[PDB]
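Chemist:
2 protein chains.
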Amino acid sequence: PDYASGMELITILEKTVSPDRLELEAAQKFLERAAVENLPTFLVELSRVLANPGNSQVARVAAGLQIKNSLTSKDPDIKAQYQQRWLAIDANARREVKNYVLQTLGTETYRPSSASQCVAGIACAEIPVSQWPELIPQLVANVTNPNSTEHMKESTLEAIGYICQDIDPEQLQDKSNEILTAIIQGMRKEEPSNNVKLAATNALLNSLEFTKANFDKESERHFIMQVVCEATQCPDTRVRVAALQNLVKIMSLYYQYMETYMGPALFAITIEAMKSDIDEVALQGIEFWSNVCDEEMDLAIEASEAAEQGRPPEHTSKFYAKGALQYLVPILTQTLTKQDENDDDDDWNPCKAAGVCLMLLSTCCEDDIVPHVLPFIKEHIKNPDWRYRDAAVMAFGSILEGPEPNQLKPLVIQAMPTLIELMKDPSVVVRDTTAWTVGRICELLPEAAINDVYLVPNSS
Amino acid sequence: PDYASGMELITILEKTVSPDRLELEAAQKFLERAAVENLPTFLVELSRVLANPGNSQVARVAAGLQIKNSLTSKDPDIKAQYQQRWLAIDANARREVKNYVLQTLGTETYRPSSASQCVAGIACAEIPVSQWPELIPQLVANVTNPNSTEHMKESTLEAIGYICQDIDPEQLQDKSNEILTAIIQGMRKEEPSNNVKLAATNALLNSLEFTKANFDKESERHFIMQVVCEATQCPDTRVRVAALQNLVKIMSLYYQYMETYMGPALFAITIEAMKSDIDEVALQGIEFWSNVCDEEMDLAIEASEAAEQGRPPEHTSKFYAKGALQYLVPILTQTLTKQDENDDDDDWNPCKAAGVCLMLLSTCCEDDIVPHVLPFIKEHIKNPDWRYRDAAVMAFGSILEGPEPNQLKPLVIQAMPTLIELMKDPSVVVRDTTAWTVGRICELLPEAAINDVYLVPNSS
């Protein structure tokens with residue numbers, strides 16, 4: 500035998011990144027040819043260049059990439075054949091590659107771990123047939139081990155994350171406690187690394203698909219909630235945002251369990267997130283309450299159908315939205331003044347999210363939302379600042395669906411003159427928003443409009 | 500209790011329906027007292043009155059009802075103690091009642107089987123603790139046995155139906171193949187009775203809550219789909235409607251498995267349903283496609299978020315709506331001409347469902363829907379028949395959300411004059427719908443309106 504084998003491989007792997015066209019081309023031609031020539035040996039040789047910390051970063055990433063593109067594809071059908079092509083190679087050549095990949099975890103210095111993707115690619119194919127019985131225990135160990143380094147834990151958590159989102163939820167339900175233990179471990183308040191924390195929280199979000207049994211146990215649930223709430227306090231905003239994302243999904247998945255955390259934690263955290271000057275954070279706060287509105291609206295319909303059938307509803311609402319109303323609305327109307335200057339009305343910022351939330355809130359809380367919004371409207375409807383003038387018009391249009399029509403009509407009649415005047419406003423943004431609101435009126439309250447105004451062809 | 504006592003029980007039971015107040019009064023006083031006095035024997039004596047084909051219909055029904063109201067209640071808490079009180083009676087007395095109830099199946103002549111309700115009440119209490127291990131096999135046999143009569147099969151299927159909707163889905167997953175076998179059996183295209191078919195199809199609908207394992211098996215799924223599709227061809231409309239209802243639910247529960255049946259059966263069946271003069275049938279067809287639009291819209295968002303995260307979506311859409319568009323739209327716009335003379339205060343008829351479907355279709359297929367709708371609009375916008383004139387206005391308003399704005403603006407500009415004129419149309423219906431569409435415009439395309447229309451206060 501001769502090491503020339505791996001030597002040349004590493005030379006070509008480094009050319010797939012060459013500024014030259016010829017080398018880059020010849021590089022891929024060779025690689026592809028070697029795959030065809032003898033894949034099992036090809037992948038074993040690549041898993042060796044990857045697991046070798048002595049090799050240059052470029053060579054190791056290029057090696058991971060090749061291993062990656064051998065087990066997965068953007069095409070569900072192609073990806074399906076690769077997994078069969080992989081299961082095709084004899085167990086021996088595979089245990090070799092699987093071990094090298096797992097041994098690469100923690101031996102990488104570059105940011106994105108190329109080993110984690112490879113673990114996921116192989117797990118997706120072997121786990122469904124119980125071919126990698128030592129993967130989970132290994133991964134869990136890598137995280138719970140006190141001597142494990144940041145890279146070791148971070149890369150392992152990334153791998154758990156990929157697995158949670160690439161594998162069929164039913165395939166993981168059987169190993170939920172293990173995976174969750176590793177995930178929760180990486181999220182403990184005492185974690186020294188913000189990168190480890192981020193990787194763990196991102197993975198939790200993906201695991202919410204198969205951890206029902208875990209959330210149904212009032213004992214574990216308390217811990218998961220404590221760890222997630224603490225993560226919302228982390229100084230690294232990426233961790234904070236990922237934590238909020240979990241609360242957002244958990245709220246729409248376990249509304250009945252939230253009464254224990256709502257008043258003690260959730261309320262203060264999300265309300266504070268809605269007030270953040272950081273957009274990614276504020277959006278997360280707004281979605282949280284948007285979800286509560288969806289949930290409580292469904293429950294109201296449940297209570298209704300149950301009544302008409304002469305019985306108590308199976309589930310009841312704790313009316314979180316109605317209770318938060320006085321704190322939510324001021325925050326939302328103020329966010330309305332943070333509208334974008336341009337017509338990129340396809341960009342999703344707090345201002346647009348807030349507007350949507352105010353409407354959900356109106357259809358959810360109905361008659362109650364009006365008392366909270368009117369003051370802001372009457373106060374800014376005629377404000378010199380277009381940002382407030384616009385927000386006022388927007389807010390008025392946001393409450394037209396939900397409240398009792400008989401309570402809105404007088405508001406409409408009393409405001410129409412201003413609206414008609416606002417259609418000629420100096421600001422383009424105010425004009426458009428006003429057309430929107432009049433539209434909401436002619437649309438939800440035709441009578442109040444039809445009679446307090448008739449249409450007439452314009453003149454340009 | 501001797502023959503004489505049993001005879002008075004039957005006399006009392008027949009009085010609970012007496013035109014007299016005293017008798018009906020005394021009757022329930024006695025029955026309740028007998029329950030208190032000695033429940034176990036009261037229930038055994040009632041199950042004997044019910045099981046006896048010789049007893050008058052009134053007495054057998056009154057007996058079933060007494061047995062029913064002793065095991066269930068509309069109050070979840072009271073219902074809970076009744077089930078505990080029943081489990082309290084010694085197995086011997088219960089086995090007697092259970093046997094008499096099961097023996098009543100098929101021995102009834104009257105329409106609603108009172109025995110099936112009693113089977114359900116007992117099953118809900120005993121199944122959760124594995125106390126009636128011979129119930130399922132018995133029921134299955136009652137249906138699959140070739141010599142079984144119509145009433146035998148019909149009453150048994152109703153009982154299976156009640157169980158499917160009264161018992162916790164988790165409690166039935168373990169006996170899914172059995173229940174499904176009996177259900178599918180009652181639905182075989184060769185079934186002589188339309189009443190048996192209806193009872194079986196209604197039962198399938200209820201079982202969709204716990205038969206996931208059954209649908210995940212490519213083998214059984216083929217059969218379930220075959221039997222449900224055949225049922226949609228039954229000459230008895232009730233069966234037809236129930237079958238369609240199943241397809242509707244199955245579509246929203248198993249979109250990923252539909253590719254095998256969509257082209258071969260589903261497409262032609264539902265499209266034909268949409269064209270029916272029978273409203274209950276047409277609604278079912280429209281709901282089917284409304285569901286497909288919901289499903290594919292969610293998938294589109296899934297593909298989007300997956301892209302922004304640099305990866306292939308876990309699930310992909312087959313774009314059924316886009317493909318059916320040229321067949322769907324013409325049937326929908328035609329249904330818009332079937333509007334009720336201004337609803338009995340918002341009834342849910344084909345016309346209103348169709349309008350909703352057109353909207354979903356527009357946001358789902360965007361750009362593409364316009365070419366399909368415009369012709370209808372331009373052709374009927376000025377039609378002497380208000381039904382078509384209104385439909386044209388409605389259709390124009392239905393496509394404003396979804397297609398590209400720059401593609402709609404010119405259409406609005408070109409149509410506004412007619413819309414403003416339509417606001418003064420002789421027909422109330424036309425006027426109302428027109429107000430809605432202009433609202434949709436003022437709402438979705440502010441600029442195209444703000445510069446082309448004027449609101450003038452009514453000086454009237």
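Those sequence lines, one after another, are chains B and A.
Letter by letter, the first sequence follows residues 500 to 505, 1 to 454 in the entry's author numbering.
Letter by letter, the second sequence follows residues 500 to 505, 1 to 454 in the entry's author numbering.
Using N, Cα and C, we set each Cβ at its ideal position, and we do this for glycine too.
Shortest alpha-carbon distance to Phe217/B belongs to which of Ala236/B, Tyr255/B, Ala193/B and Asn196/B?
Modeler: Start at 1 with the first residue of the first sequence, and residue 217/B comes out as number 223. Here the closest residue by C-alpha is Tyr255/B.
Chemist: Over the uninterrupted alpha helix (DSSP H) stretch that includes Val275/B, give me the two end residues.
Modeler: Taking the first residue of the first sequence as position 1, residue 275/B is located at position 281. Run containing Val275/B: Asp273 to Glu302, per the alpha helix (DSSP H) assignment.
Chemist: Taking only three categories from DSSP, how would you classify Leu81/B?
Modeler: Indexing the first sequence from 1 puts residue 81/B at position 87. Helix at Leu81/B.
Chemist: Enumerated in chain order, which unbroken segments of the alpha helix (DSSP H) with a length of 4 residues or greater are wholly contained in the segment 184-249 of chain B?
Modeler: 188-201, 206-209, 212-225 and 231-245, all fully within the segment 184-249 of chain B.
Chemist: For the beta strand (DSSP E) holding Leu99/A, just list the boundary residues, first then last.
Modeler: On the second sequence, residue 99/A is found 105 positions in, with the first residue counted as 1. Note, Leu99/A: premise wrong, no beta strand (DSSP E); not H, not E.
Chemist: Measure the Cβ-Cβ separation of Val43/A and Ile4/A and say whether it is below 7 angstroms.
Modeler: Your numbering for residue 43/A matches position 49 in the second sequence. Your numbering for residue 4/A matches position 10 in the second sequence. Cβ distance < 7 angstroms, so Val43/A and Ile4/A count as in contact.
Chemist: Can you list, in chain order, the residues of its chain with a C-beta nearer than 7 angstroms to that of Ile435/B? Leave out the 5 residues immediately preceding and following it.
Modeler: The residue given as residue 435/B occupies position 441 in the first sequence. Closer than 7 angstroms at the Cβ level, and outside the excluded window around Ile435/B, lie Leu394, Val406, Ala442 and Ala443.
Chemist: In this structure, how does DSSP classify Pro13/A when only helix, strand and coil are distinguished?
Modeler: In the second sequence, residue 13/A corresponds to position 19, counting from 1. Looking at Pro13/A - three-state DSSP - the assignment turns out to be coil, as it is neither helix nor strand.
Chemist: Go ahead and label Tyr104/A buried or exposed: buried means 16 or more other beta carbons lie within 10 angstroms of its beta carbon, across all protein chains shown.
Modeler: For the purposes of this step, residue 104/A is identified with residue 110 of the second sequence, where counting begins at 1. Result: exposed.
Chemist: Give a yes or no on whether the minimum CB-CB distance between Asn86/A and chain B is below 7 angstroms.
Modeler: Residue mapping note: residue 86/A aligns to position 92 of the second sequence, counting from 1. No, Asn86/A lies away from the interface with chain B (no Cβ there is under 7 angstroms from its Cβ).
Chemist: Alpha carbon to alpha carbon, how far is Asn93/A from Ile6/A? Give it in angstroms, no decimals.
Modeler: Indexing the second sequence from 1 puts residue 6/A at position 12. Indexing the second sequence from 1 puts residue 93/A at position 99. Cα to Cα, the separation comes out at about 24 angstroms.
Chemist: Just the chain B side, please: which residues come within less than 8 angstroms of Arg434/A by C-beta, in chain order?
Modeler: Here residue 434/A is taken as the residue at index 440 of the second sequence, counted from 1. Per Cβ cutoff of 8 angstroms: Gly433 and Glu437.
Chemist: Compare the C-alpha of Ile244/B against each of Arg232/B, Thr231/B, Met219/B and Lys183/B and name the closest.
Modeler: For the purposes of this step, residue 244/B is taken as the residue at position 250 of the first sequence. Nearest C-alpha to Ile244/B: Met219/B.
Chemist: Between which residues of its own chain and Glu296/A is the CB-CB distance below 8 angstroms, once the five residues before and five after are set aside?
Modeler: As a working note, residue 296/A is residue 302 in the second sequence. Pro307, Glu308 and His309.
Chemist: Roughly how many angstroms lie between the CA atoms of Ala53/B and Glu26/B, to the nearest whole one?
Modeler: The sequence position of residue 53/B within the first sequence is 59, counting from 1. The sequence position of residue 26/B within the first sequence is 32, counting from 1. In a straight line, the C-alpha of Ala53/B is about 16 angstroms away from that of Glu26/B.
Chemist: Alpha carbons only, please: which of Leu439/A, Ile116/A, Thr101/A and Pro47/A is nearest the one belonging to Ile83/A?
Modeler: In the second sequence, counting from the first residue as 1, residue 83/A sits at position 89. Checking every option, the nearest Cα to that of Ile83/A belongs to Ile116/A.
Chemist: Residues in the same chain with beta-carbon distance under 6 angstroms from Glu120/B, minus the five sequence neighbours each way, listed in chain order, please.
Modeler: Here residue 120/B refers to the residue found at position 126 of the first sequence. Cβ within range, chain order: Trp126.
Chemist: At 8 angstroms on the CB atoms, spell out the chain A contacts of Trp430/B, in chain order.
Modeler: Locating residue 430/B in the first sequence gives position 436, counting from the first residue. Going along chain A in sequence order, the residues near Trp430/B (Cβ under 8 angstroms) are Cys436, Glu437 and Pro440.
Chemist: Give the residues of chain B in contact with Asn63/A, contact being defined as C-beta atoms less than 8 angstroms apart.
Modeler: As a first step, residue 63/A is located in the second sequence; it is residue number 69 there, counting from the start. Here the premise fails: no neighbours, minimum Cβ distance about 14 angstroms.
Chemist: What is the rounded straight-line gap between the Cα of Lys183/A and the Cα of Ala225/A?
Modeler: For the purposes of this step, residue 183/A is taken as the residue at position 189 of the second sequence. For the purposes of this step, residue 225/A is taken as the residue at position 231 of the second sequence. When rounded, the distance between both Cα atoms is 7 angstroms.
Chemist: So, with DSSP's three-state summary, where would you put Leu449/B?
Modeler: Counted from its first residue, the first sequence places residue 449/B at position 455. DSSP places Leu449/B in strand when its eight states are reduced to three.
Chemist: By the three-class DSSP mapping on this structure, what secondary structure does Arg105/A have?
Modeler: Looking up residue 105/A in the second sequence gives position 111. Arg105/A: coil per DSSP, three-state reduction.
Chemist: Return yes when the C-beta of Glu102/A is under 6 angstroms from any heavy atom of the ligand GTP, and no when it is not.
Modeler: You won't find the ligand GTP in this model; it holds no ligand whatsoever.
Chemist: Quick one, which residues of the segment 280-312 of chain A are near chain B if we go by CB-CB under 7 angstroms, in chain order?
Modeler: Under the 7 angstroms Cβ criterion, the segment 280-312 of chain A contributes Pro306 and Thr310.
Chemist: Give me the Cα-Cα distance between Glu39/B and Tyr502/B, rounded to the nearest whole angstrom.
Modeler: If you number the first sequence from 1, residue 39/B lands on position 45. If you number the first sequence from 1, residue 502/B lands on position 3. Going from the Cα of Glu39/B to the Cα of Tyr502/B covers about 11 angstroms.
Chemist: Counting contacts by CB-CB distance shorter than 7 angstroms, is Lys183/B in contact with chain A?
Modeler: Within the first sequence, the letter at position 189 stands for residue 183/B. No, because no Cβ of chain A sits closer than 7 angstroms to the Cβ of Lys183/B.
Chemist: Taking C-beta pairs closer than 7 angstroms, name the residues in chain A that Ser454/B reaches, listed in chain order.
Modeler: Reading the first sequence from its first residue, position 460 is the one you call residue 454/B. Under the 7 angstroms cutoff, chain A gives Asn445.
Chemist: Would you call the segment 353-367 of chain A and the segment 419-431 of chain A in contact, with 3 or more CB pairs under 8 angstroms?
Modeler: No, they do not touch.
Chemist: Mind listing the chain B neighbours of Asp426/A? Cutoff is C-beta to C-beta under 8 angstroms, in chain order.
Modeler: Here residue 426/A corresponds to residue number 432 of the second sequence, with the count starting at 1. Under the 8 angstroms cutoff, chain B gives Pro440.
Chemist: Any Cβ of chain A within less than 7 angstroms of the Cβ of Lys346/B?
Modeler: Here residue 346/B refers to the residue found at position 352 of the first sequence. Not an interface residue.
Chemist: What residues from chain A crowd round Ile414/B, counting only those whose CB sits closer than 9 angstroms?
Modeler: Position 420 of the first sequence, counted from the first residue, corresponds to residue 414/B. Within 9 angstroms Cβ-Cβ: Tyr448, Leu449, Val450 and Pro451.
Chemist: Would the segment 127-138 of chain B and the segment 67-82 of chain B be scored as touching if the rule is three or more Cβ pairs under 8 angstroms?
Modeler: No, the segment 127-138 of chain B does not touch the segment 67-82 of chain B.
Chemist: Among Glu302/B, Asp334/B and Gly349/B, whose alpha-carbon lies nearest the alpha-carbon of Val323/B?
Modeler: If you number the first sequence from 1, residue 323/B lands on position 329. The option with the nearest alpha carbon to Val323/B is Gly349/B.
Chemist: Could you check the C-alpha separation between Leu192/B and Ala153/B for me, to the nearest Å?
Modeler: Taking the first residue of the first sequence as 1, we reach residue 192/B at position 198. Taking the first residue of the first sequence as 1, we reach residue 153/B at position 159. C-alpha separation (whole angstroms): 13 angstroms.
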